[PDB]
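Protein chains in written order, with our numbering: chain A, 1 to 164; chain B, 1001 to 1030; chain C, 2001 to 2033.
Quick reminder that beta carbons are idealized off the backbone N, C-alpha and C, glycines included.
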Amino acid sequence: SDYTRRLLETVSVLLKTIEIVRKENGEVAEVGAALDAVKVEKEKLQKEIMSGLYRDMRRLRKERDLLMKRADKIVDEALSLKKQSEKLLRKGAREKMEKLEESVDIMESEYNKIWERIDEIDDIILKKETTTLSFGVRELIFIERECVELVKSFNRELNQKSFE
Amino acid sequence: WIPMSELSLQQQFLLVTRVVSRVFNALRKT
Amino acid sequence: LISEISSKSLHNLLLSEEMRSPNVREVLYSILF
């Protein structure tokens, strides 16, 4: 939101440039410098936007990576305990089989909540993609096109002025 | 997205010229 | 794919102002060929 406000301040300075080059016949390269300043500030702010976006998707993808790695660890534990149960069934220790199947039940319950957090991460990164791209960069592109169309209109106006 | 198989000749021109303009802007800092 | 989404958000298609069918596009592409 403040990105749009600061670019609005920049294009208000650009309106001041338009005013001064309209009043005392200012240089058109001053308007060019103003539009290029709006251009480079929009560019660096969009770089800041992708920097923050890449920072938090790196954070959340690293958390998702940690959690699927932990899910791999838990299913590895499940496989290990299943092999222990299979080898123990050939011996006859029923008192430990109950503990082992309880250990399988608890890891399955944990794995379910692991998948829940996976699903929570995925929709959150999707929303982070949607909202920021739908508002910030779009508004900056819109105000860039408005400022360049205003500059083009004034430059063609001065073209008419100089040809008369 | 609105995939690539829905645009027109001038819209495909704007797509390809945006691609080559990104390549240009990447190459003009050398 | 760093600037591909920026290219997606950049492109100005908001005004259509065209006013057919995909097989028509097929024969147009073949005719252009």
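C-alpha distance - residue i paired with residue j, whole-angstrom precision
| i | j | result |
| --- | --- | --- |
| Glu2018/C | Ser1008/B | 10 Å |
| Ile121/A | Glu48/A | 23 Å |
| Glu2026/C | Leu2010/C | 28 Å |
| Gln160/A | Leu2032/C | 41 Å |
| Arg64/A | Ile2002/C | 21 Å |
| residue 185/A | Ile74/A | This structure cannot settle anything about residue 185/A, because the visible part of chain A is limited to 1 through 164. |
| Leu1015/B | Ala78/A | 51 Å |
| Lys91/A | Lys83/A | 13 Å |
| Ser153/A | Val2024/C | 39 Å |
| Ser162/A | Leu133/A | 42 Å |
| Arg1022/B | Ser2021/C | 33 Å |
| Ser1005/B | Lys87/A | 58 Å |
| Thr4/A | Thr10/A | 10 Å |
| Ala33/A | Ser2016/C | 33 Å |
| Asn25/A | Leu2013/C | 36 Å |
| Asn112/A | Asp123/A | 17 Å |
| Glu144/A | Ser2006/C | 14 Å |
| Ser12/A | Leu66/A | 47 Å |
| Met97/A | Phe135/A | 57 Å |
Partners in chain C for residue i, counting only beta-carbon separations shorter than 7 Å
| i | result |
| --- | --- |
| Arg138/A | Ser2009 |
| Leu133/A | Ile2005 and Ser2009 |
CB contact check: residue i to chain C, cutoff 8 Å
| i | result |
| --- | --- |
| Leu150/A | no |
| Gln46/A | yes |
| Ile141/A | yes |
| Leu7/A | no |
| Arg1018/B | yes |
| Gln1010/B | no |
| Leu1014/B | yes |
Neighbour list for residue i in chain B, Cβ cutoff strictly below 8 Å
| i | result |
| --- | --- |
| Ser2003/C | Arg1022 |
Cut-off 8 Å between Cβ atoms - residues of its own chain near residue i, not counting five sequence neighbours on either side
| i | result |
| --- | --- |
| residue 179/A | Summary: the structure shown does not reach residue 179/A, with chain A confined to residues 1 through 164, and so no result is reported for it. |
| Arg61/A | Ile125 |
| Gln1011/B | none |
| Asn155/A | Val28 and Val31 |
| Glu110/A | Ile74 |
Cβ of residue i within 8 Å of any chain B Cβ
| i | result |
| --- | --- |
| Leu2014/C | no |
Residues near residue i by beta carbon distance below 7 Å, same chain, minus five either side
| i | result |
| --- | --- |
| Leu81/A | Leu100, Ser103 and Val104 |
| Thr131/A | none |
| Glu30/A | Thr17 and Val21 |
| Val137/A | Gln46 and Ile49 |
| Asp56/A | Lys128 |
Own chain partners of residue i with C-beta closer than 6 Å, once the 5 adjacent residues on each side are dropped
| i | result |
| --- | --- |
| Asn1025/B | none |
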